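Novice: have a look at this fold, sequence not included:
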Ligand SMILES: CCCCCCCCCCCCC/C=C/[C@H](O)[C@H](N)CO
């Protein structure tokens, strides 16, 4: 597992140490969503920062299941429950929680064990998948992963009201690749030395 | 041996192919099989029709 | 077994036929009830009447082989698929891999619906008048998703991962072998539907019939040197087809082609399938 | 926190069917990843 | 003694007294996907009663100068019944079919219909008449729904292939002097074991009148045609919220 | 070592780290209807994956002076998911349930919830205040849907029976100093083996705050309550066109 860059905003380009943690705070309403991203390991976005996302760029077609591990990094007295859902393609990001709970989902509880693993199972029509992209190759898309407030984030007096969550990503044992090609993340415009 | 990777491996063709490399799709075509099944295109019918009897009685 | 409800065929198998079937002898026949000459084409089965059930025949042992009618011998012939010219003017071309640009090979491959094969590519290259000039060339295959070269001296020409050939004009023509590389189990030449989800409108109407299991990236050639070569180049690409397996035959096209991506035809001159004659009684 | 990766499979979170896959891992070996000729030098004699 | 027939599946039953034989397309029965060819890991759902039954579509009118009609599958069933709901709440489906076409007339009429199932029926245009436009068919033409669309140039099937050799596909005849129905059983034919039901259409069903309908004046001049279909071994996988198209 | 728990069914999974034990109502697991007790002759349909999964309802807000809430079953699930579709296209259903209620707070709050499942919860009125009117509850009160309604006189449960002996029904406690969840498994309890889902409601789920929620000023004053349920062994029969109510 390596760290996933979920919080890749346009304002975090001059202070890029904050892109590894995304915040969770006390809400007044119920059922808000905290983050959402695509589950394409080959497309640009949050998966480009992984050792899996950099090794998939040297190939073209991949198969198998993934896993995403979240780890809570708040205080000890703080608590709460989160809902992490994975929606197969066909629909957009769900507008509310009661739409998003229809896909594969896991309810997370904070406590002593501060890590949960949402496994993203391999559901596709073809045996392999190419690298998804806008155009015709979005036929090989794989879904949308969101995350919702199951309950509120409850904190007592004297402990801070804002915590952070780091996200880790890896592959399962039935993962495989084929058809080696070159990456496009590196370049050589000027001559080295 | 060779890491077998061809287009026809499940139901294949005759065993006279020549190859000098390590990948099986580099091999020649060779001579082909004489196998054929006509009746799944000329007689796709559930109840069997005999040539002597009337077919619609 | 508390629930008695929960506890709870192929037609013909293939065989080898090396030669055509013989003809057995027969005689006349007079009888009632048995009739092989009368059929019923309404059931969709073809007739099974032979020669001996209508006339009297002798015995003929024939040894006519059926080897040339196999699908392996029908397809394993190199045909032209592309003409690529470098007058483009900057010493390099990027050609998208589409094997439906010439009608003689397109008609043969569209006879079947699904196909699964390995290819063998051959490049024959000369000047536009057949003249020969000593010259160094480079071919590079770019898979879909890989960066493409934008100039004659880009960093994509280093070929650290990409398969590539270096060959001269005076040499014998280059030959390579390509395996079956689709994400699906077989290539298909017809795809009834849209590749993407969402709303289909008049702006996205050209998506109909484009299957991404057949788009295989691009192909790039260049002259090797960093300067401008003074000669015009013309490449011809020939493709053989090996280890063929096919499925679900189709009717053949009798109208001339118009584009590479859709089966559109000309709507004014609908060509009749047979050549017309004058009268029905006189041949 | 212990630095070990998780060992949860697919079958421990959802219900799965039985799938026999024959996907080979040949292309991911280090021998096939590196045995490709790449450019290392351009040397000119003006 | 084989001119009568009865097909029952689900809670429905079709009976006929002047029927031809039953056609199994390419001699294969439809079946559930085995484990050796499966790629999805989620456990599939099988409703197995509420979707394996006979569904009856609308009724066309055979005139004296009709061209022909076509229906795209399984676009015809995606808005009706619980099969219209399982195909909206899932991502993958897999099913066979069983097509039954009824058209009956008396002993004083004449005509002949050619029914045929054609897989991967990709339509085309007339390319702007003169042939220089890269025209494309609209969404209402390619996927008409449970109504079905009519043909414009039936001699080329609106796809550039002639009618004269359409019988290489599985097919039957409805000749008005012998029988009144035709029936085909189609298995699942695709390059992938599962597929989406809203972006892919497997086959097309074509009903083309070869011999024109003719009668003397005074008879019943209203000849209808009614199509009835039924899925066979339907499976579904990949649950997600409802998306219609 | 029994304070942690994990429940998985369908494509959903519920985890908890401070949990009490699991309550099986009257010590019986839910099961399919055997042949000795069946009366319907049609073959039932079992979707068995798409309806046996955890469904999450809306989220209420626990204030300092709340009365209590109730949900009617299976009226809460009859408009959501494919279970909302099979209960609209059929005449008979039969299913168990598994209720899971989450409500979490920190170590500086206090309060106690009494969760209880009560079968045949027939509501009443206050009979016009003075007791001479034969009043009746409206349709919006008796079957609120997936939102749920609040209680007015919780001491008599709006049905004339006192709260003080509600624990004879299967029940659990959510005490804010020990645990944060409660879970009951309910089998199918009715006089007939199948029933309609639009005219009959089997049981009611009641969440009543016995000890009021109290905290010092400055803490998180927003305490939510979220209910999550899942059918167990759902069967359906008697297919007919869609009727919502
Ligand atoms: C150094 C070798 C360079 C040559 C690389 C050739 C690889 C590409 C082979 C493609 C095989 C056929 C795939 C699809 C063919 C047709 O273009 C599509 N079906 C278009 O409809």
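Specialist: Received it, and whenever you're ready, just let me know what you need. Numbering: from 1, shown residues only, chains lettered A, B, ... in the order given.
Novice: who in chain A is up against chain E?
Specialist: Neighbours of chain E within chain A, by C-beta under 8 Å from any C-beta of the partner chain: A:65, A:87-91, A:94, A:99-100, A:102-103, A:121-127. For the C-beta atoms, the positions are set from N, CA and C on the backbone; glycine is no exception.
Novice: which residues of chain B fall in helices?
Specialist: Assigned by DSSP state H, chain B shows helices spanning B:39-42.
Novice: strands along chain B, start to end?
Specialist: Using DSSP state E, the strands of chain B run over B:35-36.
Novice: which single residue of it ends up nearest chain A?
Specialist: Nearest residue of chain B to chain A: residue B:5, at 10.7 Å (C-beta to the nearest C-beta).
Novice: let me see the contact set for the residue nearest the centre of chain B.
Specialist: Most central in chain B under C-alpha atoms, centre = their mean is residue B:35, positioned 5.8 Å from the mean C-alpha point. By C-beta atoms under 8 Å, 6 or more residues apart in numbering or on different chains, residue B:35 lies in contact with C:14-17.
Novice: from chain E, how far out is it?
Specialist: 16 Å (C-beta to the nearest C-beta, to the nearest Å).
Novice: residue E:210: what secondary structure?
Specialist: strand (DSSP: H, G, I helix; E, B strand; the rest coil).
Novice: that one against residue E:116, yeah?
Specialist: No: look at residue E:210 against residue E:116 with C-beta atoms under 8 Å: they stay out of range, at 11.0 Å.
Novice: and these two? Which one has more around it.
Specialist: Set residue E:210 next to residue E:116 and count neighbours by other C-beta atoms under 10 Å in any protein chain shown: residue E:116 wins out with 22 against 13.
Novice: follow-up on the earlier one: can you tell me which of the contacts of residue B:35 is nearest chain D?
Specialist: Closest approach to chain D among the contacts of residue B:35 (C-beta to the nearest C-beta): residue C:14, at 24.7 Å.
Novice: neighbours of the closest residue to the ligand within chain B, just the number please.
Specialist: Here the residue of chain B nearest the ligand is residue B:7; by C-beta to the nearest ligand atom that distance is 11.3 Å. If you count neighbours by other C-beta under 10 Å, residue B:7 ends up with 20.
Novice: can you pull the contacts of residue C:230?
Specialist: Taking C-beta under 8 Å, 6+ apart as the contact definition, residue C:230 lies against nothing.
Novice: can you verify it is assigned to a strand?
Specialist: No: counting by three-state DSSP, residue C:230 is not found in a strand; it is coil.
Novice: bridging residues for the residue nearest to the centre of chain B?
Specialist: residue C:16 (DSSP bridges).
Novice: so does stretch E:121-130 get close to chain C?
Specialist: Yes: applying C-beta under 8 Å from any C-beta, one finds stretch E:121-130 in contact with chain C at E:121-130.
Novice: show me how far that stretch is from its chain's centre.
Specialist: Here the centre of stretch E:121-130 is set off from its chain's centre by 22 Å, with C-alpha atoms, centre = their mean, to the nearest Å.
Novice: contact partners for whichever residue of chain B sits closest to chain F?
Specialist: Nearest residue of chain B to chain F: residue B:46, at 24.9 Å (C-beta to the nearest C-beta). The contact partners of residue B:46, taken as C-beta under 8 Å, 6+ apart, are E:21-24.
Novice: quick one: which two of these are the most distant?
Specialist: Maximum pairwise distance among those (C-beta to C-beta): 10.0 Å, between E:21 and E:24.
Novice: overlap of the contact sets of these two?
Specialist: Common neighbours of residue E:21 and residue E:24 (criterion: C-beta under 8 Å, 6+ apart): B:45-46.
Novice: can you map out the helices along the chain?
Specialist: No chain was given, so I picked chain A. Under DSSP H, chain A gives helices at A:51-55, A:97-100.
Novice: sorry, I should have been clearer: chain E.
Specialist: With DSSP H as the criterion, chain E has helices spanning E:83-86, E:139-142.
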